[PDB]
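Notes follow the structure.
Basis: the model, the stated rules and, where named, an outside source; these are not laboratory values. Cβ placement follows ideal geometry from the backbone for every residue including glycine, while neighbour counts extend to all protein chains displayed.
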Amino acid sequence: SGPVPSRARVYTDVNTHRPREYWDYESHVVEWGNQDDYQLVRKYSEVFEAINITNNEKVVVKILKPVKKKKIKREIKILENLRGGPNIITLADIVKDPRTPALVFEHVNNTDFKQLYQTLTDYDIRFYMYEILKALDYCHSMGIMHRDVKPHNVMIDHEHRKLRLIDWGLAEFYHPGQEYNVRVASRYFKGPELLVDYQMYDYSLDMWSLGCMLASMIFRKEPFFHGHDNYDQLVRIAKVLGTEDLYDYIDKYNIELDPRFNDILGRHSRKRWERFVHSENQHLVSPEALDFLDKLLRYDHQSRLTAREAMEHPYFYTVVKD
(Lines give C-alpha, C1' and ligand atoms only; values in the text may rest on other atoms or scores of the structure.)
Protein backbone atom coordinates (compact mmCIF):
# COMPACT_ATOMS: atom_id res chain seq x y z
CA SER A 1 0.00 0.00 0.00
CA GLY A 2 3.09 2.21 -0.13
CA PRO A 3 6.01 3.04 2.21
CA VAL A 4 5.29 4.73 5.53
CA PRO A 5 6.55 8.36 5.49
CA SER A 6 9.26 9.55 7.88
CA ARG A 7 10.44 12.78 9.52
CA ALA A 8 13.83 13.82 10.88
CA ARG A 9 13.96 13.42 14.64
CA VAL A 10 15.79 16.79 14.73
CA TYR A 11 16.34 20.00 12.72
CA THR A 12 13.19 18.91 10.84
CA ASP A 13 11.97 22.32 9.70
CA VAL A 14 15.12 24.47 9.82
CA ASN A 15 14.81 24.89 6.05
CA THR A 16 11.10 25.78 6.00
CA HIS A 17 11.77 28.70 8.39
CA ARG A 18 14.49 30.11 6.15
CA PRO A 19 14.35 32.41 3.08
CA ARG A 20 13.63 30.57 -0.20
CA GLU A 21 17.07 31.65 -1.46
CA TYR A 22 18.85 29.54 1.14
CA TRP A 23 17.76 26.16 -0.23
CA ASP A 24 16.32 26.96 -3.66
CA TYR A 25 19.72 26.52 -5.32
CA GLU A 26 18.45 26.07 -8.88
CA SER A 27 17.93 29.82 -8.95
CA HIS A 28 21.33 30.68 -7.51
CA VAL A 29 23.45 33.01 -9.65
CA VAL A 30 27.12 32.04 -9.71
CA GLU A 31 29.70 34.63 -10.67
CA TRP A 32 32.94 33.25 -12.03
CA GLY A 33 36.53 34.46 -11.91
CA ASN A 34 39.09 33.59 -14.57
CA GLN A 35 41.38 30.70 -13.72
CA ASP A 36 44.19 32.89 -15.02
CA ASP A 37 44.42 34.10 -11.41
CA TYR A 38 45.70 30.63 -10.50
CA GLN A 39 48.62 28.50 -11.63
CA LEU A 40 48.46 24.75 -11.34
CA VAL A 41 51.35 23.32 -9.33
CA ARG A 42 50.77 19.60 -8.66
CA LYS A 43 47.99 17.05 -8.98
CA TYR A 44 41.84 10.70 -6.66
CA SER A 45 40.05 12.71 -9.45
CA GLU A 46 40.73 16.17 -11.04
CA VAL A 47 42.13 18.29 -8.18
CA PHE A 48 45.35 20.31 -8.03
CA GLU A 49 47.56 22.34 -5.73
CA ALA A 50 47.72 25.89 -7.06
CA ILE A 51 48.85 29.40 -6.13
CA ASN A 52 47.18 32.77 -6.33
CA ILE A 53 49.50 34.69 -8.64
CA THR A 54 48.27 37.88 -6.99
CA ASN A 55 48.72 37.05 -3.28
CA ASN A 56 51.21 34.17 -3.42
CA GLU A 57 48.61 32.10 -1.58
CA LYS A 58 48.53 28.28 -1.66
CA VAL A 59 45.14 26.93 -2.70
CA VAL A 60 43.51 23.75 -3.95
CA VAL A 61 41.69 23.90 -7.27
CA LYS A 62 39.11 21.23 -8.04
CA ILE A 63 38.12 21.21 -11.68
CA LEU A 64 34.61 19.83 -11.83
CA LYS A 65 33.55 17.12 -14.27
CA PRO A 66 30.62 17.56 -16.69
CA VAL A 67 27.60 17.23 -14.45
CA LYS A 68 24.07 18.64 -14.31
CA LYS A 69 24.38 22.41 -14.01
CA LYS A 70 22.08 22.42 -10.95
CA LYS A 71 24.32 20.07 -8.98
CA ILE A 72 27.12 22.64 -9.33
CA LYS A 73 24.88 25.43 -8.07
CA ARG A 74 23.89 23.07 -5.26
CA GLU A 75 27.46 22.30 -4.13
CA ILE A 76 28.41 25.98 -4.40
CA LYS A 77 25.34 27.12 -2.47
CA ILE A 78 25.86 24.52 0.25
CA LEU A 79 29.56 25.48 0.55
CA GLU A 80 28.66 29.14 0.94
CA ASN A 81 25.89 28.32 3.42
CA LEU A 82 28.35 26.39 5.60
CA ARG A 83 31.39 28.63 5.20
CA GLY A 84 32.88 29.46 8.59
CA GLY A 85 31.24 26.48 10.31
CA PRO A 86 33.28 24.18 12.59
CA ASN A 87 35.49 21.79 10.65
CA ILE A 88 33.86 22.57 7.30
CA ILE A 89 36.17 23.09 4.29
CA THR A 90 36.37 26.62 2.92
CA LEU A 91 35.43 27.76 -0.58
CA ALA A 92 37.67 30.60 -1.69
CA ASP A 93 36.52 31.20 -5.23
CA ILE A 94 34.76 29.76 -8.28
CA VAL A 95 36.38 30.03 -11.71
CA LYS A 96 36.05 29.00 -15.37
CA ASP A 97 38.72 28.38 -18.02
CA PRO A 98 38.60 31.15 -20.61
CA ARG A 99 35.14 26.62 -20.29
CA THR A 100 34.89 24.04 -17.46
CA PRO A 101 33.90 25.14 -13.89
CA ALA A 102 36.33 24.75 -10.99
CA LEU A 103 36.04 25.33 -7.27
CA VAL A 104 38.97 26.91 -5.41
CA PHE A 105 39.56 26.02 -1.74
CA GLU A 106 41.63 27.22 1.21
CA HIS A 107 44.83 25.18 1.39
CA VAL A 108 44.52 22.21 3.77
CA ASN A 109 47.35 19.87 4.78
CA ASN A 110 45.89 16.77 3.14
CA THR A 111 45.84 13.44 4.95
CA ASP A 112 42.56 11.59 4.51
CA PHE A 113 41.48 9.55 7.54
CA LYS A 114 42.51 6.35 5.70
CA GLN A 115 46.25 6.93 5.54
CA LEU A 116 46.25 7.76 9.24
CA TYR A 117 43.72 5.89 11.38
CA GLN A 118 45.83 2.80 10.74
CA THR A 119 48.06 4.34 13.42
CA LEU A 120 45.71 6.15 15.81
CA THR A 121 45.38 5.72 19.57
CA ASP A 122 42.10 5.00 21.35
CA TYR A 123 42.17 8.66 22.37
CA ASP A 124 42.81 10.09 18.90
CA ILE A 125 39.88 8.17 17.47
CA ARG A 126 37.57 9.64 20.11
CA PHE A 127 39.07 13.08 19.43
CA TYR A 128 38.62 13.11 15.68
CA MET A 129 35.22 11.45 15.88
CA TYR A 130 34.23 14.37 18.09
CA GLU A 131 35.59 16.73 15.41
CA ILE A 132 33.58 15.03 12.65
CA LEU A 133 30.50 15.18 14.89
CA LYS A 134 31.12 18.90 15.35
CA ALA A 135 30.99 19.25 11.57
CA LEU A 136 28.01 16.92 11.19
CA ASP A 137 25.93 18.53 13.92
CA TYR A 138 26.68 21.90 12.35
CA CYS A 139 25.49 21.14 8.84
CA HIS A 140 22.56 19.06 10.11
CA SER A 141 21.63 22.09 12.19
CA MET A 142 22.04 24.09 8.98
CA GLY A 143 19.54 21.93 7.08
CA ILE A 144 22.11 19.89 5.17
CA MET A 145 22.96 16.20 4.73
CA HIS A 146 26.50 15.57 3.61
CA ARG A 147 25.71 12.27 1.96
CA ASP A 148 29.19 10.91 1.33
CA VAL A 149 30.74 10.58 4.78
CA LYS A 150 33.80 8.32 4.66
CA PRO A 151 37.55 8.45 5.42
CA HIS A 152 38.45 9.76 1.94
CA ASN A 153 36.31 12.83 2.70
CA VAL A 154 37.91 13.70 6.03
CA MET A 155 41.20 15.56 5.77
CA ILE A 156 43.34 15.41 8.90
CA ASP A 157 46.22 17.69 9.82
CA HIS A 158 47.57 15.36 12.51
CA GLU A 159 50.49 17.64 13.35
CA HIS A 160 48.09 20.46 14.31
CA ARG A 161 45.19 18.25 15.50
CA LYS A 162 43.04 19.87 12.81
CA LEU A 163 40.28 18.31 10.69
CA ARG A 164 38.02 19.26 7.78
CA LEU A 165 34.93 17.52 6.43
CA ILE A 166 35.31 17.84 2.67
CA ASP A 167 33.77 17.12 -0.72
CA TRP A 168 30.19 18.38 -0.55
CA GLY A 169 29.21 17.35 -4.06
CA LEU A 170 26.60 14.83 -2.88
CA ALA A 171 25.18 17.09 -0.18
CA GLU A 172 21.47 18.03 -0.23
CA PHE A 173 19.07 20.14 1.83
CA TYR A 174 16.70 18.25 4.10
CA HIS A 175 12.99 18.90 3.52
CA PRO A 176 10.38 16.95 5.48
CA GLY A 177 8.52 14.69 3.07
CA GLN A 178 10.95 14.89 0.15
CA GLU A 179 12.07 11.61 -1.39
CA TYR A 180 15.76 11.51 -2.26
CA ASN A 181 17.92 9.43 -4.59
CA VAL A 182 19.08 6.24 -2.88
CA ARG A 183 22.06 6.15 -5.24
CA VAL A 184 24.29 8.37 -3.11
CA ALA A 185 27.14 7.36 -0.79
CA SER A 186 30.04 4.95 -1.34
CA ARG A 187 29.10 1.27 -1.25
CA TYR A 188 30.65 0.25 2.08
CA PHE A 189 29.00 3.27 3.71
CA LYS A 190 25.51 3.14 2.25
CA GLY A 191 22.92 2.92 5.02
CA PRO A 192 20.21 0.22 5.03
CA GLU A 193 17.59 2.76 3.91
CA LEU A 194 19.61 3.12 0.71
CA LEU A 195 20.09 -0.61 0.13
CA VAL A 196 16.37 -1.31 0.48
CA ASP A 197 15.49 1.76 -1.55
CA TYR A 198 13.70 3.87 1.07
CA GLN A 199 13.81 7.42 -0.25
CA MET A 200 12.35 9.47 2.60
CA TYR A 201 15.60 9.54 4.55
CA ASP A 202 17.35 12.34 6.43
CA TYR A 203 20.43 13.39 8.42
CA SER A 204 20.45 9.97 10.09
CA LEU A 205 21.97 8.65 6.85
CA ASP A 206 25.23 10.28 7.91
CA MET A 207 25.33 8.65 11.32
CA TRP A 208 25.20 5.23 9.73
CA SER A 209 28.25 6.19 7.67
CA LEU A 210 29.97 7.54 10.77
CA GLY A 211 29.15 4.25 12.45
CA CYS A 212 30.86 2.38 9.61
CA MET A 213 34.05 4.42 10.12
CA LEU A 214 34.09 4.07 13.88
CA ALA A 215 33.67 0.34 13.37
CA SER A 216 36.51 -0.07 10.88
CA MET A 217 38.68 2.15 13.06
CA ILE A 218 38.33 0.39 16.41
CA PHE A 219 38.14 -3.16 15.05
CA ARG A 220 40.89 -2.31 12.59
CA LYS A 221 38.87 -3.77 9.70
CA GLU A 222 38.93 -1.49 6.64
CA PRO A 223 35.66 -1.97 4.86
CA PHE A 224 33.89 -3.24 7.99
CA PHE A 225 30.89 -4.25 5.88
CA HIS A 226 32.74 -5.61 2.83
CA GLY A 227 29.91 -6.11 0.33
CA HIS A 228 30.47 -7.05 -3.32
CA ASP A 229 27.48 -5.12 -4.65
CA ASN A 230 24.53 -3.06 -3.42
CA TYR A 231 22.70 -6.29 -2.57
CA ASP A 232 25.48 -8.23 -0.89
CA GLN A 233 26.14 -5.11 1.14
CA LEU A 234 22.81 -5.58 2.90
CA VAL A 235 23.76 -9.22 3.39
CA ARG A 236 27.08 -8.38 5.05
CA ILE A 237 25.14 -6.03 7.36
CA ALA A 238 22.52 -8.67 8.12
CA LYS A 239 25.22 -11.17 9.10
CA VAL A 240 26.15 -8.72 11.85
CA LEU A 241 22.96 -6.89 12.83
CA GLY A 242 20.83 -10.01 12.33
CA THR A 243 17.80 -10.34 10.06
CA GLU A 244 15.00 -10.08 12.62
CA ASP A 245 15.57 -6.34 13.10
CA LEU A 246 16.04 -5.89 9.35
CA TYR A 247 12.62 -7.41 8.70
CA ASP A 248 10.87 -5.51 11.51
CA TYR A 249 12.30 -2.40 9.88
CA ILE A 250 10.88 -3.34 6.50
CA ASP A 251 7.51 -3.91 8.14
CA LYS A 252 7.64 -0.80 10.31
CA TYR A 253 7.92 1.39 7.21
CA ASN A 254 6.01 -0.95 4.86
CA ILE A 255 8.97 -1.12 2.52
CA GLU A 256 8.70 -3.14 -0.68
CA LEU A 257 11.80 -5.33 -0.65
CA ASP A 258 13.47 -6.18 -3.96
CA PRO A 259 12.53 -9.63 -5.24
CA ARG A 260 16.25 -10.53 -5.23
CA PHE A 261 16.89 -10.23 -1.48
CA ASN A 262 14.30 -12.97 -0.87
CA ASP A 263 17.00 -15.55 -1.61
CA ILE A 264 20.18 -14.16 0.03
CA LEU A 265 19.45 -12.57 3.40
CA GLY A 266 18.16 -15.81 4.92
CA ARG A 267 18.35 -16.03 8.72
CA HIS A 268 21.01 -14.42 10.91
CA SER A 269 21.53 -13.75 14.60
CA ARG A 270 22.71 -10.39 15.90
CA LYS A 271 26.40 -11.01 16.57
CA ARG A 272 27.92 -9.58 19.75
CA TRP A 273 30.60 -6.95 19.24
CA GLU A 274 33.06 -9.00 21.27
CA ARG A 275 33.36 -11.42 18.35
CA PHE A 276 35.21 -8.74 16.36
CA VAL A 277 37.70 -8.07 19.13
CA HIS A 278 41.22 -9.48 19.25
CA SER A 279 44.83 -8.84 20.31
CA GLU A 280 45.44 -6.34 17.51
CA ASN A 281 42.48 -4.03 18.19
CA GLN A 282 41.64 -4.54 21.86
CA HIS A 283 43.33 -1.28 22.89
CA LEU A 284 40.71 0.66 20.94
CA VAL A 285 37.68 -1.34 22.03
CA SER A 286 35.87 -0.45 25.25
CA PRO A 287 32.44 -0.85 26.89
CA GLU A 288 31.64 2.75 25.86
CA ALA A 289 33.10 2.51 22.34
CA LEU A 290 30.79 -0.46 21.86
CA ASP A 291 27.80 1.16 23.54
CA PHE A 292 28.32 4.19 21.31
CA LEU A 293 28.96 2.15 18.14
CA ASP A 294 25.82 0.09 18.73
CA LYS A 295 23.62 3.21 18.91
CA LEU A 296 24.88 4.35 15.50
CA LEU A 297 24.42 1.13 13.53
CA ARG A 298 20.62 0.69 13.52
CA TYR A 299 18.51 -0.44 10.55
CA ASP A 300 15.83 1.98 11.72
CA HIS A 301 17.19 5.40 10.82
CA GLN A 302 14.93 7.01 13.44
CA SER A 303 16.62 5.18 16.29
CA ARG A 304 20.20 6.17 15.47
CA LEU A 305 21.85 8.83 17.58
CA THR A 306 21.62 12.42 16.40
CA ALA A 307 25.01 14.09 16.03
CA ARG A 308 24.34 16.16 19.16
CA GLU A 309 23.31 13.03 21.09
CA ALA A 310 26.47 11.23 19.97
CA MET A 311 28.63 14.11 21.19
CA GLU A 312 27.09 13.61 24.62
CA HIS A 313 27.97 9.93 24.87
CA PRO A 314 30.40 8.73 27.60
CA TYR A 315 32.78 7.68 24.79
CA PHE A 316 33.67 11.37 24.51
CA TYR A 317 33.67 12.10 28.25
CA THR A 318 37.47 12.44 28.28
CA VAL A 319 37.72 14.58 25.14
CA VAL A 320 34.94 17.04 25.99
CA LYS A 321 36.92 17.65 29.20
CA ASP A 322 39.25 20.22 27.62
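Here are some notes:
- Of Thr12, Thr16, all but one fail to be under 30 Å from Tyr128 (Cβ atoms), surrounded by fewer than 19 Cβ atoms within 10 Å (Cβ to Cβ), of a type in the set (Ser, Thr, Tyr) and in the same structural domain as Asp167 (by CATH); the exception is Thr12.
- Exactly one residue among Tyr198, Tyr180 is of a type in the set (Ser, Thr, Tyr) and closer than 25 Å to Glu21 by Cβ, and that residue is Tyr180.
- Among (1) closer than 17 Å to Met155 by Cβ; (2) touching a strand residue (DSSP E or B) at 6+ places or on another chain (Cβ under 7 Å); (3) not β-branched (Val, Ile, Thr) - the single one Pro86 does not satisfy: (2)
- Selection status of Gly143, at negative phi and not aliphatic (A, V, I, L, M): no
- Residue count for region 47-92 under the criterion of being among the acidic types (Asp, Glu) and closer than 24 Å to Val29 by Cα: the result is 2.
- Filter result for the condition that a residue is touching a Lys or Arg at 6+ places or on another chain (Cβ under 6 Å) and assigned to a helix (DSSP H, G or I), over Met213, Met217, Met207: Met207
- Taking the numbered list (1) within 19 Å of the chain's Cα centre (by Cα); (2) over 27 Å from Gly177 (Cα atoms) in turn, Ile72 passes all entries but (2).
- Within region 25-60, the set of residues being of a type in the set (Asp, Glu) and touching a strand residue (DSSP E or B) at 6+ places or on another chain (Cβ under 9 Å) comprises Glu31, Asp36, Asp37, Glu46, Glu49, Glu57.
- Residues being under 17 Å from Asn109 (Cα atoms) and either out of contact with any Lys or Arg (no Cβ under 9 Å at 6 or more places or on another chain) or surrounded by fewer than 24 Cβ atoms within 10 Å (Cβ to Cβ) (or both) - total across region 131-162: 12
- Residue match in region 61-71 (condition: of a type in the set (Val, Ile, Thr), loosely packed, with under 15 Cβ neighbours inside 10 Å and closer than 19 Å to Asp167 by Cβ): yes
- Only a single item in (1) on the phi > 0 side of the Ramachandran plot; (2) assigned to a strand (DSSP E or B) is not met by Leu163, and it is number (1).
Each row is one residue, and each column tells you yes or no for (1) outside the structural domain of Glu256 (by CATH); (2) more than 30 Å from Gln282 (Cα to Cα); (3) crowded, with 24+ Cβ neighbours inside 10 Å.
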residue: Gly169; (1), (2), (3): no, yes, no
residue: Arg183; (1), (2), (3): no, yes, no
residue: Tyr188; (1), (2), (3): no, no, no
residue: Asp197; (1), (2), (3): no, yes, no
residue: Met217; (1), (2), (3): no, no, yes
residue: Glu222; (1), (2), (3): no, no, no
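- Index of the failed condition, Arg99 passing every other in (1) over 13 Å from the mean Cα position of the chain (by Cα); (2) outside the structural domain of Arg83 (by CATH); (3) among the basic types (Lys, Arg); (4) more than 21 Å from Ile255 (Cα to Cα): (2)
- Failed condition for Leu40, given (1) in contact with a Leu (Cβ under 9 Å, 6 or more places away or on another chain); (2) aliphatic (A, V, I, L, M); (3) closer than 26 Å to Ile156 by Cβ: (1)
- Flag if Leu91 is aliphatic (A, V, I, L, M) and crowded, with 20+ Cβ neighbours inside 10 Å: no
- Among residues of region 240-252 that are part of a helix (DSSP H, G or I), those with a beta-carbon under 6 Å from a residue that is small (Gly, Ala, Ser) at least six positions away or on a different chain give the pairs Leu246/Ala238.
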